[PDB]
Structures are given as C-alpha cells and as structure tokens.
Amino acid sequence: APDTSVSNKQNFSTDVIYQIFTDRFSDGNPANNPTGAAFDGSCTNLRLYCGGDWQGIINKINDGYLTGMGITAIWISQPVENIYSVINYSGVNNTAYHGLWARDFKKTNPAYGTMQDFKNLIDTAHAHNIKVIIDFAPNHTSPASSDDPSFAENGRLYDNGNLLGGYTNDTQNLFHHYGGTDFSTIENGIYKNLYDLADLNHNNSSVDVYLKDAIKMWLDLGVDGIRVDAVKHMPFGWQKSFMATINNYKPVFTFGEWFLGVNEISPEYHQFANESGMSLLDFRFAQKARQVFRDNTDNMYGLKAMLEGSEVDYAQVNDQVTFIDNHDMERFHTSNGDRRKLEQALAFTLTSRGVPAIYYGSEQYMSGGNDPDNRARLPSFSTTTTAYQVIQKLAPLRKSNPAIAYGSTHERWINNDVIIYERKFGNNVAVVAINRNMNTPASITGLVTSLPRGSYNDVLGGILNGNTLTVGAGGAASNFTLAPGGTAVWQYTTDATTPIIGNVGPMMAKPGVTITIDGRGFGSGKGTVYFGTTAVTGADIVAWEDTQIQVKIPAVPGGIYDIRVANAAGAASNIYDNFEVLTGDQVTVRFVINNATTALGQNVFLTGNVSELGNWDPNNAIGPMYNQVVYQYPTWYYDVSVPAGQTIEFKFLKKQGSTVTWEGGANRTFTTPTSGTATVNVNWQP
Ligand SMILES: C[C@H]1O[C@H](O[C@H]2[C@H](O)[C@@H](O)[C@@H](O[C@H]3[C@H](O)[C@@H](O)[C@H](O)O[C@@H]3CO)O[C@@H]2CO)[C@H](O)[C@@H](O)[C@@H]1N[C@H]1C=C(CO)[C@@H](O)[C@H](O)[C@H]1O
Ligand SMILES: [Ca+2]
Ligand SMILES: [Ca+2]
C-alpha cells in the first residue's frame, strides 16, 4: 500500500498529529461522567474531570471538525483504568483526569468510555483515515504512601481485575522504596520516586511480563502509535527490551518525552533517540522556535543553526515529533501578543521536518500558563479562524508533497528577521519564506531555488500576506518585498525516476520481521533490498510498490546495517544508515559487579560477544555503570538488554580517558532466560 496509507503504523512523517486531552475536548456522553467532588462540569477547577470522553471525539471526527482541519492522527490520553481517588493535595482536590495514574493496564478508564467505545473510536478514526496514538506510562502507577496505606489507592495494581499488590506491604517487590528523587542525577531520577508516584520495579519478572502483555493487548485493539511517558525516569536497558517486544510483535510508531529547556542540549538525550528503538519529542525544535517566533530571545541565525544541527545530531530526524507548545509548557499564544506569531510558528512547524504535532485548541488561540492552566477546555469549535485555515491549507501537503515529509532542509536566503528555506526530495520542492518582523518589509534580492521556471501561487492563499513567486531561468526568482509578518509556501511535485528512501520503520528488530521502507521511485515491479551487502528478493519481499516496500529482515548477525534499495532496472537508492537487527528476542538482565575499585574519572563498563553487548569493542561497552542507589560503590550495576535463551560471554572493564583496564581471568559465560528478568552478581577479578 502507499506510504500515505492509514495502514502505515510504522511511519508518521506524512501525518499531522492532533494532541487531545480526552477530558478537555468533547463530552459526547454524560452517563459516563464521574460524579461527586471528582466532577466539575463547568471546567472551572482544572484539576477535576470536566467530562470529555471518546464518544466526544467520534463526534468531532464525524461532523468534519477534525478532518476538515487536515488532521491525519489524533494522539489521546492514556486509555488505561485509573485510580478513582480525589486527592486533596493541600487544600486542592485533584483527580486522574490526565490518565497518568494507572490502576489496571488491561482495562479502560470508564470515564473515557468502554472497551466497545474504544473499538468504535479506532474504527471511526480509520474509516476517516485518521490514526490513533495512545499514551502509556509504564514507569509507575499512582500516588502512594507506604507509611499511610489510607492515602489514594495506595498505588495498587490489578491485572484485569486481580490485585497484584500495593505500595504498603510489598513483599513481592513490585515497586521501588528508596524515597523520592531530587533529580540530582539520571540514576537518581530513575530508581527514586517521581514526586509521590509509586515507582514500578521492572527487574521483577511479574512487572516486566505484565507490562509487556498489556501493550500487546492494546496493539491487538488497533492503535497505530505509542507515546511513552517519562523515558528519562526508567532504565534505558529495559526500554530497549520493551521496544524490541513491540517491534517483534506488531511495530508501531513509538516516541517518548524527554524534556529539554532553553539552550540546554544533552548528549544522553540524543543517545536515547539514536539507540533506544524509539524517537523523542523534539524539544530542541520547540524551545528554539519559541525563542525566535515568540519570546524573541534569539534571531533567525539561531533558527538556521538548530535546523542544521538537527540534520546531523539525530540519526533519523524524520522521526522526531515537532511542536510549538503542549501539556508541559506554557501556551504559545499570549494576551499581550498577536495571533500572527502563532500563525507563523504553526506554518514553520507544518512545513519543517519531523512529525508535526498540534496541541488541541491552538487553532482557537487558546491562552494559558503552566499546568493546569494549559489544560483548559476547548472554548469553541469555529472552523473559520485563520489558524484553522493555515493548518487546513498546509496539513495535506505532507501527504501530497514528498519533499515536506522526507526532504532535506536548505536555507536559501537568511536575515536577522527573515528566513527562506527549501525542502526537497528528488524533484519535489517546497520553498517557505517567513518575515517575522511586523514593522518593516523585507526586500529579497537574488534568491535561487530548485523550482523550475514558472510563477507559483502561495499555497496559503495570501491570508498570511504571501505573494506569488516568479521563478525564471536557473531557479532564480525576480526580486520581491516580503511584507511584514509575511509568510508564503511555494511548491512543485513530479514523479521519481530514481529510487529514493524517505524513511524506514522500525529501526530495530530480529530476523524474520517485516520492516517498511517509504519513498518514491521504487517502481511497480519487485526490485532488490540490501541489508548491508546481503540482498533480499523473491518471496522475502512481502510487498513492493512505487512508494512503499515491505520486506523481511534476513538472517544476519546482529549489529548496525545500512539499508539500500534497487529497482528492477538496477537503479540503486541512497543509503539509509543505522538499522539495528537484534540477535533475537530480548530480556533485561541486571549485572552487578562487586569490588570494582576505581579512580577519580574511572568508571566501570561491560562488554560481551553479542552485538547488544558491543561485540568486544571497548568503544561500544555498556556503561558507565551505576553505583549509588540500588547498590553503592564499590559495587556497580546496570540493567542491560540482551538476547533471550543464549549463552553470552562477557567481561567488565574500567575506562579512564584513553586507558582501558580489563578484568583478569577467563571470560564469564551466562545463560539468559527466555522471558522475565535475571540478575548477575559477580566480583572483580584482577
Ligand atoms: C510535571 C511533569 O514532570 C516530570 O517530567 C518533566 C516534565 O515533563 C518537564 O516538562 C519538566 O517540568 C516542567 C519544567 O520544570 C518547567 O520549568 C516547565 O515550564 O514545564 C514543565 C512541565 O510542567 O521537568 C520534569 C522532570 O523534572 C514527570 O516525569 C512528568 O510525567 C510530569 N507530568 C505528568 C506527571 C504527573 C504526576 O503528578 C501529572 O500530575 C502531570 O499532569 C503529568 O502531565
Ligand atoms: Ca463523559
Ligand atoms: Ca522509575
């Protein structure tokens, strides 16, 4: 099927995501509304249920409100059954309107709708070619106090009705009991409790297995994507095994949230996006866009930089979800500011690279500070606001113009307040000009583009004050003045004669799994896919078409491969690097080493003979290991994702600068379990 098909759950670059807070969208059914001091039908107290439900979105999909806007994917609240407690955090009552206080990952939250209400939703969405992404928060359950088992629901957890246990009297060790985090370190913020949320222990097989069976159930119901909450507060090694489980079953576009601030850029943030098996929410985009288009704390050369720095730092930049604001930051639109800033910021996000995400209510100029302020109810549904129009005219370009979805970015003209950039994928082009200045016009002299001779009409139709572009000979355009706050989008689309890859999903799976390659130029008849030097053809290619090829991963040794395509006429595509074929199914193993004495600047790492363990290369060793919470120095520990049911070999090492110190003795061997978890306890051998 084509790359734009609703059946394409692996990739979302050609989609526009509408982020909804079920509760604060539309109450399509009152019979299911919570009652008592948990309900606030006037959405006056923003920490209470307002009544929104799934039937409320089915209504907005049916009467054409969402569809008429151009949206092709809704991202909703956690569908999982929550605690029913009305928590009075010092004077203020609080409820689980946000879906983030899980109670039973196998049942739906009654207030949002029933199991039948969920199928209806998946079916009304798909029948209108809209994809559904859900939230999943496997890092915890709900507010719990072990000292006072009378608080909330005591962080209890049920398995489809059966109680597994609570935060008080945890003999089975389902949770962590190390106090709460002060966010001092990454280690600290992972094993310690986030504020007061009963932190789950994934080293416990019962927990590990339960969360994995839970996500599959949700995959079986029809979801097309997953947004995992708090990726920074769970162990990396477990997440990889959680991903390998999704991808090895029914892969869906999965992404997670890792909050970055202003001009804050961490390498762990990138390492996660590059090696977890899942992408992140592009906070590097969001904060930079708001600095230039909103707070005006940086100029266009910072925008240029960011767009360029990203095209390299991320391994698969086309998979990062972009946005201008959301549930974790103040609303982009202010009181003392004009709607133009918002109108432009939206256009910039819509034509830029990644998976664009619009936080509900942005098209109705909703204003509001931090939580719960940024989570008020959508005041209206007027399909005639300019912002509605902008999204309306731009959104479908992602599915029609391959350059918007997969193309590279090139700044063709730049200034302190104006930028003109090009997105191109083969012959397809899209030029976007923006003058953020509202006072002075911008005379553009000598603008060269990839557009062929012609005079292109603004796709925005002038509502953003955009002109038409007369492109003469050599892609050069006649001079023009870009009006203050002007914005224009010009484009060109044509067939692809050369195979070209725009994206691949999933980015890691075991042999025998079907991956999805998307692009243009693949051709009608079956061709050839290269995983490294290993060529795949015949029955192993499940599907071939001009825009999308589906092929099984061949039996190769685990490791990183470069993907490449060749049509039936030997025309080979560009290289799509960084594909991880795993050794097989994964399980998480905690490795604990005792007596590793280290110097100031020396850390302990691990390595072994399978690719998930770096394949003996000390530059790809797992680490630096942990040494303060679950175990303290001189004992180090780490949760690592390894192949299931195999005898792996490994040795620990110390690393300091360019100096590496290996353990003495013989290689350690270990037979991994087929499911669940395992813990290896050892002592440093000199
Ligand atoms: C509140 C939020 O905090 C934890 O994770 C991140 C946030 O996602 C991140 O945005 C940042 O928090 C705020 C930031 O400090 C502030 O300067 C900025 O203006 O806005 C941010 C959002 O408020 O930093 C923290 C990490 O230090 C949790 O991991 C998130 O899950 C949490 N949001 C969840 C959690 C709870 C639990 O109480 C819900 O109450 C909340 O509604 C839900 O969204
Ligand atoms: Ca309701
Ligand atoms: Ca945790």
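Cut-offs used in this document
- Residues numbered from 1 in each chain as written, not as in the entry; some residues may be left out.
- Chains lettered and ligands numbered in written order.
- Heavy atoms only, no water.
- UniProt positions renumbered as here; feature names shortened; annotations may be inferred.
- Near = heavy atom within 4 Å.
- Polar contact = N/O pair within 3.5 Å; in protein donor to acceptor, adjacent residues only side chain to side chain.
- Nonpolar A, V, L, I, M, F, W, Y, C, P; charged D, E, K, R; others polar.
- Salt bridge = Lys/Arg side-chain N within 4 Å of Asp/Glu carboxyl O.
- Helix = DSSP H or I, 4+ residues; strand = E, 2+ residues; numbered from the N terminus.
- Buried < 20%, exposed > 50% of the residue type's maximum accessible area, 1.4 Å probe, protein only.
- Donors = N, O, S within 2.8 Å, 3.2 Å for Na, K, Ca; no water.
- Tetrahedral: all angles 85-135°; square planar, octahedral: opposite > 155°, others 65-115°.
- Disulfide = S-S within 2.5 Å.
- Axes fitted to C-alpha atoms, helices over the stretch in contact; angles between N-to-C directions.
- Parallel < 35°, antiparallel > 145°, perpendicular 65-115°, else oblique.
- Left-handed = near helix turned anticlockwise from the far one by under 90°.
- Contact = heavy atoms within 4.5 Å.
- Pairing = 2+ DSSP bridges.
- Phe/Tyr/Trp six-rings, centres within 6.5 Å; stacked < 30°, edge-to-face > 60°.
- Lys NZ or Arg CZ within 6 Å of the ring centre and 35° of its normal.

Its PDB record attributes the structure to X-ray crystallography, giving the resolution as 2.2 Å.

The PDB entry annotates the chain as Cyclomaltodextrin glucanotransferase of Bacillus sp.. As stated in UniProt under Catalytic activity, the record for the chain gives "Cyclizes part of a (1->4)-alpha-D-glucan chain by formation of a (1->4)-alpha-D-glucosidic bond."

Turning to the site of ligand 1, a few remarks are in order. Around ligand 1 lies a shell of 15 residues, among which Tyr 195, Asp 229, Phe 259, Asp 328 and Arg 375 are the nearest. One nitrogen or oxygen atom from the side chain of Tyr 195 is found 3.2 Å from an oxygen atom belonging to ligand 1. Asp 229 is positioned such that a nitrogen or oxygen atom in its side chain is 3.4 Å from an oxygen atom of ligand 1. In terms of residue class, the shell around ligand 1 is built from 7 nonpolar, 3 polar and 5 charged.

In this section: the pattern of salt bridges. Tallying each qualifying case throughout the model produces 30 salt bridges. The residue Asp 213 makes a salt bridge to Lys 216 at a minimum N-O spacing of 3.8 Å. Highlighted residues: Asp 213 and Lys 216, both in helix 4 (residues 205-220), separated by 3 residues, approximately one helical turn. Of the charged contacts in the structure, one is a salt bridge between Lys 304 and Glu 308, with a shortest N-O distance of 2.9 Å. With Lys 304 and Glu 308 both in helix 8 (residues 300-313) and 4 residues apart, the pair spans about one turn of that helix. On the accessibility criterion, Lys 304 (21% relative accessible area) is partly exposed. Linked through salt bridges whose partners overlap, the residues forming this network are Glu 81, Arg 103, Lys 107 and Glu 153.

Once that is clear, we can look at the coordination of the calcium ion (ligand 2). Geometry sets the ideal angles at a metal, namely 109.5 degrees for four tetrahedral donors and 90 or 180 degrees for six octahedral donors. The protein atoms that coordinate the calcium ion (ligand 2) are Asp 27 (OD), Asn 29 (O), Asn 32 (OD1), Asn 33 (OD1), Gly 51 (O) and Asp 53 (OD), at distances of 2.0 to 2.6 Å. Here the calcium ion (ligand 2) binds 6 donor atoms, and the angle range of 66 to 150° at the metal identifies the geometry as irregular. Mapped onto the sequence, the residues coordinating the calcium ion (ligand 2) show the spacing D-x1-N-x2-N-N-x17-G-x1-D. Separated by 19 residues along the polypeptide, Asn 32 in the loop between strand 1 (17-19) and helix 1 (54-62) and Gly 51 in the loop between strand 1 and helix 1 bring together distant segments of the chain. Of the two residues, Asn 32 and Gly 51, neither departs from the other in class, the shared state being buried.

This next bit is on the state of the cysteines. Scanning all chains against the criterion turns up 1 disulfide. Disulfide pairing is shown between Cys 43 and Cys 50; the S-S distance is 2.0 Å. On the S-S bond that ties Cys 43 to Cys 50, the torsion sits near 80°, and the link is right-handed.

Next up on the list: the packing of helix 9 (residues 339-351) against helix 10 (residues 386-394). At a closest axis distance of 10 Å, the pairing of helix 9 and helix 10 adopts a crossing angle of 15°. The angle between helix 9 and helix 10 places the two elements in the roughly parallel class. For helix 9 against helix 10, the interelement crossing comes out right-handed. Where helix 9 abuts helix 10, its residues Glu 343, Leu 346, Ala 347 and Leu 350 lie against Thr 386, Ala 387, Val 390, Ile 391 and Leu 394.

The next thing to look at is the sheet that holds strand 36 (residues 586-594). Read from one edge of the open sheet, 3 strands run 38-36-42, paired in mixed fashion. The open sheet is flanked by strand 38 (636-643) and strand 42 (677-683), the only strands paired with a single partner. Between one strand axis and the next, the sheet turns through 25° on average, direction left out of account. Two strands pair when backbone bridges link them, and strand 36 and strand 42 are joined in this way by 7 bridges, in the parallel orientation. Each residue of the ladder has a partner; that of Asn 594, found in strand 42, is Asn 683. The strands touched by helix 5 (residues 236-247) within the sheet are strand 36 and strand 38, with strand 36 carrying the most contacts at an inclination of about 165°.

The protein atoms that coordinate the calcium ion (ligand 3) are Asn 139 (OD1), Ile 190 (O), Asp 199 (OD) and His 233 (O), at distances of 2.3 to 2.4 Å. Coordination of the calcium ion (ligand 3) draws on donor residues from a single chain, spaced N-x50-I-x8-D-x33-H in sequence. Of this pair, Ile 190 sits in helix 3 (residues 186-191) while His 233 sits in the loop between strand 12 (225-228) and helix 5, and the two are 43 residues apart along the sequence. Classification of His 233 by relative accessible area gives buried; the value is 15%.

Within this numbering scheme, the UniProt entry marks residues 499-580 as carrying the feature "domain: IPT/TIG". Its end C-alpha atoms 22 Å apart, residues 499-580 is made of 0% helix and 52% strand.

Let us now look at unusual backbone geometry. Cis geometry marks the peptide bond from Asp 371 to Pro 372, where omega comes out at 0°. Summarising the element assignment, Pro 372 is placed in the loop between strand 16 (355-359) and helix 10. At the junction of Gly 623 and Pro 624, the peptide bond is cis and its omega measures out at 0° in the coordinates. Along the chain, the position of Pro 624 falls in the loop between strand 37 (603-608) and strand 38. Phi angles above zero are rare outside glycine, and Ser 90 is one such case at about 45°.

Moving on to the environment of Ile 61. Relative to the helices and strands, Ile 61 is located in helix 1. A residue is classified by how much of its surface remains accessible, and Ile 61, at 0% relative accessible area, is buried. In this structure, the C-alpha to C-alpha distance between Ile 61 and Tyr 631, residues 570 residues apart in sequence, is 52 Å. When residues no more than four places from it in sequence are discounted, the contact partners of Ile 61 are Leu 66, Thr 67, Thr 124, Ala 125, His 128 and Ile 130.

Moving on: the sheet that holds strand 13 (residues 253-256). By way of backbone hydrogen bonds, the strands of a sheet pair with one another, either parallel or antiparallel. Read from one edge to the other, the open sheet built from 8 strands follows the order 14-13-12-7-2-1-16-15, with strand pairing classed as parallel. The open sheet has two edge strands with one neighbour each: strand 14 (279-280) and strand 15 (321-322). Taken together, the 2 bridges between strand 13 and strand 14 define a ladder with parallel strand orientation. Looking at strand 14, one finds that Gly 256 is bridged to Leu 280.

Applying the stated criterion across every chain, the model contains 43 aromatic pairs. Ring geometry for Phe 12 versus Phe 253: centroids 5.0 Å apart, planes at 25°, classification stacked. Here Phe 253 lies in strand 13 and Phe 12 lies in the segment before strand 1, a separation of 241 residues in the sequence. A relative accessible area of 0% places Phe 12 in the buried class. Considering the side-chain rings of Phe 293 and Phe 348, the 5.3 Å spacing of their centres and the 50° angle between planes classify their relative orientation as tilted. Residue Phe 293 is located in helix 7 (residues 283-293), and its partner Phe 348 is located in helix 9; the two are separated by 55 residues in the primary sequence. You'll find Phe 293 and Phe 348 in the same group, each marked buried. Taken together, the ring pairs in this structure connect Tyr 18, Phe 25, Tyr 65, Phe 381 and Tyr 388 into an aromatic cluster. For the cation-ring pair, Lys 60 lies above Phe 381, with the distance from its terminal atom to the ring centre recorded as 3.9 Å. The ring of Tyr 360 carries the charged tip of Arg 331 above its face, separated from the ring centre by 5.1 Å.

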